[PDB]
Each structure stands twice: as C-alpha cells, then as structure tokens.
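Accompanying notes for the structure given below.
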Amino acid sequence: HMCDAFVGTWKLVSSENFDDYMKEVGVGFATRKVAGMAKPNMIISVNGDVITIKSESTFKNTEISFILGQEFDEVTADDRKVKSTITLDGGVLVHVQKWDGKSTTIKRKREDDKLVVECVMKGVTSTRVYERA
Ligand SMILES: CO[C@@H](C(=O)O)c1cccc(OCc2ccccc2Cl)c1OCc1ccccc1Cl
C-alpha cells in the first residue's frame with residue numbers, strides 16, 4: 001500500500017522552467033523544442049514490491065519498473081543512459097539519476113488532487129503538475 005495514492009493515470013497540465021532544466025541537463029536544441037511540447041500521460045502501478053511508471057507521449061514512450069532502494073539502469077526520453085535509484089522519503093518518491101559524473105533528482109508527491117513533479121539539476125528547478133486522466 002506503499003504508493004497507493006500515486007497509482008493511476010495522470011496527464012500533464014502545467015509546466016514551469018522545463019526548458020531551462022533540460023538545458024542544464026545537457027539536452028540539445030531540437031530535442032528541447034520537441035520534448036517541451038509534449039503533454040505526457042504518466043501511468044503508475046504497483047504489483048507486490050515492483051513499481052512501474054510509464055510515460056506515453058507524442059515525443060517518446062518510456063517505462064521503468066523498480067524496487068525501492070534498488071539501483072537500476074534507465075534510458076531517459078532524451079537518450080541518456082543513467083543509473084537510477086528511487087526511494088520513498090516521507091511520502092515523496094525521490095528519483096536520483098547518475099550519468100557521466102552528473103546527477104539530477106526528480107521528486108514526485110501528491111498535493112491535493114494533483115501529482116507534482118519537481119526536477120532539479122544544479123541550481124535549476126522545474127515543476128510539472130499532473131491531474132488524474
Ligand atoms: C516519467 O517521468 C517524468 C515525470 O515524472 O514528469 C519526467 C520527470 C523528469 C524528467 C523527465 O523528462 C526529462 C526529459 C524528457 C525529454 C527530454 C529531455 C529531458 Cl531532460 C520526465 O519525463 C518526461 C517525458 C517522459 C517521456 C516522454 C516525454 C517526456 Cl516530456
């Protein structure tokens with residue numbers, strides 16, 4: 001029941017500073033422009049200890065499955081090959097991605113009827129807000 005309030009189908013409804021986040025991560029111009037248009041649907045499910053997060057959009061479809069605290073390989077939507085670990089901290093899903101001596105942290109939390117995603121790379125934060133689909 002660890003992630004019950006996250007489970008479901010969610011649709012992106014707002015974004016702030018995502019272009020700048022992507023710049024900080026090292027994403028190139030064309031990918032930033034196209035990816036920045038996307039309004040993904042995020043599908044979160046749990047089966048035993050395994051959490052699956054799918055993202056479906058016009059730009060790319062991604063899927064990760066993981067156990068909390070157990071590192072895994074991830075290919076991001078911008079084609080980074082990262083090592084990821086996702087944990088729960090006080091009801092917030094905390095996702096750290098490491099690649100090329102770089103790191104980014106993505107936090108997902110339930111706030112009212114929304115799922116709020118905060119993405120941080122160095123001093124740059126982006127906020128992505130999802131509603132139930
Ligand atoms: C599933 O993770 C979602 C979420 O929780 O909002 C999420 C959290 C943090 C960064 C994300 O994309 C980083 C990216 C995406 C595209 C280009 C450059 C970068 Cl740097 C992201 O996926 C967003 C995406 C996922 C799949 C398909 C399209 C999109 Cl636009």
Side-chain angles (χ1 to χ4, degrees):
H1 291 270
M2 59 189 179
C3 294
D4 281 355
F6 294 96
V7 161
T9 309
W10 298 95
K11 64 178 169 68
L12 187 70
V13 298
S14 72
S15 182
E16 188 191 15
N17 214 47
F18 192 62
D19 187 54
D20 286 334
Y21 171 79
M22 291 189 286
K23 285 187 176 179
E24 205 77 3
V25 165
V27 183
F29 178 90
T31 297
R32 291 201 313 278
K33 295 302 169 193
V34 172
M37 298 295 301
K39 296 290 183 146
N41 294 140
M42 186 173 33
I43 310 101
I44 302 177
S45 60
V46 180
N47 182 325
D49 292 334
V50 182
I51 305 164
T52 300
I53 302 177
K54 292 184 188 184
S55 307
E56 298 191 353
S57 72
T58 62
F59 172 62
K60 187 166 162 179
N61 299 324
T62 64
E63 177 178 340
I64 60 174
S65 292
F66 58 91
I67 295 172
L68 295 169
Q70 302 192 0
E71 184 171 64
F72 62 100
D73 294 313
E74 175 178 13
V75 181
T76 67
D78 59 309
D79 290 318
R80 289 175 284 128
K81 309 311 184 268
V82 309
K83 295 285 182 184
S84 290
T85 313
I86 303 177
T87 57
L88 211 47
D89 175 23
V92 176
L93 282 165
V94 181
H95 180 177
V96 180
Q97 296 176 335
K98 307 293 194 187
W99 78 101
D100 293 354
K102 301 180 182 185
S103 185
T104 187
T105 297
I106 302 150
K107 292 181 181 179
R108 302 177 175 98
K109 64 184 79 210
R110 276 294 308 277
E111 297 185 13
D112 302 312
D113 291 321
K114 295 174 183 166
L115 194 170
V116 178
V117 184
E118 288 164 0
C119 307
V120 174
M121 178 64 181
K122 293 156 78 191
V124 175
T125 308
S126 171
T127 302
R128 307 275 279 186
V129 179
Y130 294 76
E131 288 191 354
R132 288 211 183 254

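Residues: numbered from 1 along the sequence shown. Scope of the values below: all heavy atoms of this structure, side chains included, with no hydrogens, waters or symmetry mates.
- By the 4.5 Å heavy-atom criterion applied to side chains, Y21 and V120 are not counted as neighbours.
- Every residue meeting the side-chain contact (heavy atoms from CB on, under 4.5 Å) condition with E71, not counting sequence neighbours, appears here in chain and number order: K83, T85.
- A continuous path of hydrophobic side-chain contacts links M2 to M42 [ILVMFWY only; heavy atoms under 4.5 Å].
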Open item on the list: For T125 and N17: C-alpha separation, side-chain torsions, deciding distance, then whether side chain to side chain contact (heavy atoms under 4.5 Å, CB included) applies.
Closed with: CA-CA 7 Å; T125 308; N17 214 47; 5.8 Å; no
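- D79 places no side-chain N or O within 3.5 Å of a backbone atom of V75 that could act as its donor or acceptor partner.
- For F59, the ring pair (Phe, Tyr, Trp, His ring centres under 6.0 Å) test picks out no residue, with sequence neighbours left out.
- Taking CH2 from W10 and CZ from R132, the interatomic distance works out to 3.5 Å, rounded to the nearest 0.5 Å.
- Counting only N and O atoms by type, the side chains of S14 and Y130 include no donor and acceptor under 3.5 Å apart.
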Task: Verdict with supporting geometry, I86 and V94, side chain to side chain contact (heavy atoms under 4.5 Å, CB included) - done: CA-CA 5 Å; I86 303 177; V94 181; over 6 Å; no
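- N61 CG to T58 OG1: the interatomic distance, rounded to the nearest 0.5 Å, is 9.5 Å.
- When atom types are taken as modelled, the side chain of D78 and the backbone of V27 share no donor-acceptor pair closer than 3.5 angstrom.
- Proximity of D73 to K81: side-chain heavy atoms (C-beta onward) are nowhere separated by under 4.5 Å.
- Remark: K54 NZ to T9 OG1 distance equals 10.0 Å, nearest 0.5 Å.
- Considering every non-hydrogen atom in both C3 and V46, the closest pair reads CB-CG2, 4.3 Å.
- Under a hydrophobic clustering in which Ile, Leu, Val, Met, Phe, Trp and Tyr are joined whenever their side-chain heavy atoms come within less than 4.5 Å, directly or via other members, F18 and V82 fall into the same cluster.
- By the side-chain contact (heavy atoms from CB on, under 4.5 Å) test, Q70 pairs with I67, sequence neighbours left out.
- The nearest pair of heavy atoms linking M121 to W99 is CE-CH2, 3.9 Å.
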Side-chain polar contacts of residues 111-119 - donor-acceptor pairs under 3.5 angstrom, sequence neighbours left out - could you list them?
none

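- In this view, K98 and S103 satisfy the side chain to side chain donor-acceptor pair (under 3.5 Å) rule, not counting sequence neighbours.
- The side-chain contact (heavy atoms from CB on, under 4.5 Å) check on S65 picks up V50, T52, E63, with sequence neighbours excluded.
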Open item on the list: Could you walk me through whether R108 and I53 satisfy the side chain to side chain contact (heavy atoms under 4.5 Å, CB included) test, starting with their C-alpha distance in whole Å, then the side-chain angles of each, then the deciding distance to 0.1 Å, before giving a yes or no?
Closed with: CA-CA 12 Å; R108 302 177 175 98; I53 302 177; 4.3 Å; yes
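- The line from CG of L93 to CD1 of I106 is 11.0 Å long, rounded to the nearest 0.5 Å.
- With sequence neighbours excluded, the residues that form a side chain to side chain donor-acceptor pair (under 3.5 Å) with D4 are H1.
- For the side chain to side chain donor-acceptor pair (under 3.5 Å) test, residues two or more places apart in sequence or in another chain that qualify with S15 are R128.
- Nearest heavy-atom pair, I44 versus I51, reported as atom, atom and distance to 0.1 Å: CG2-CG2, 4.5 Å.
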Task: Trace of the side chain to side chain contact (heavy atoms under 4.5 Å, CB included) decision for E16 with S126 - done: CA-CA 6 Å; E16 188 191 15; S126 171; 5.7 Å; no
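- Residue pairs meeting the salt bridge (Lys or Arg N to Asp or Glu O under 4.0 Å) criterion with at least one partner in residues 28-38, sequence neighbours excluded, are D19-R32.
- Residue pairs that meet the salt bridge (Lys or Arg N to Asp or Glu O under 4.0 Å) test with at least one member in residues 36-48, sequence neighbours left out, do not exist here.
- Taking the six-membered ring where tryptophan is involved, the planes of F72 and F66 are essentially parallel, since the angle between them stays under 30° and well short of 60°.
- The side chain to side chain donor-acceptor pair (under 3.5 Å) check on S55 picks up nothing, with sequence neighbours excluded.
- Under the rule for a salt bridge (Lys or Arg N to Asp or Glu O under 4.0 Å), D20 has no partner lying at least two apart in sequence or in another chain.
- Nearest heavy-atom pair, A5 versus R110, reported as atom, atom and distance to 0.1 Å: O-NH1, 2.9 Å.
- One finds the CD atom of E74 at 4.5 Å from the CD1 atom of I64 (value rounded to the nearest 0.5 Å).
- More than 12 heavy atoms of other residues, nucleotides or ligands shown are found within 6.0 angstrom of NZ on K60.
- Atom CD1 of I43 and atom NZ of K11 lie 13.5 Å apart (nearest 0.5 Å).
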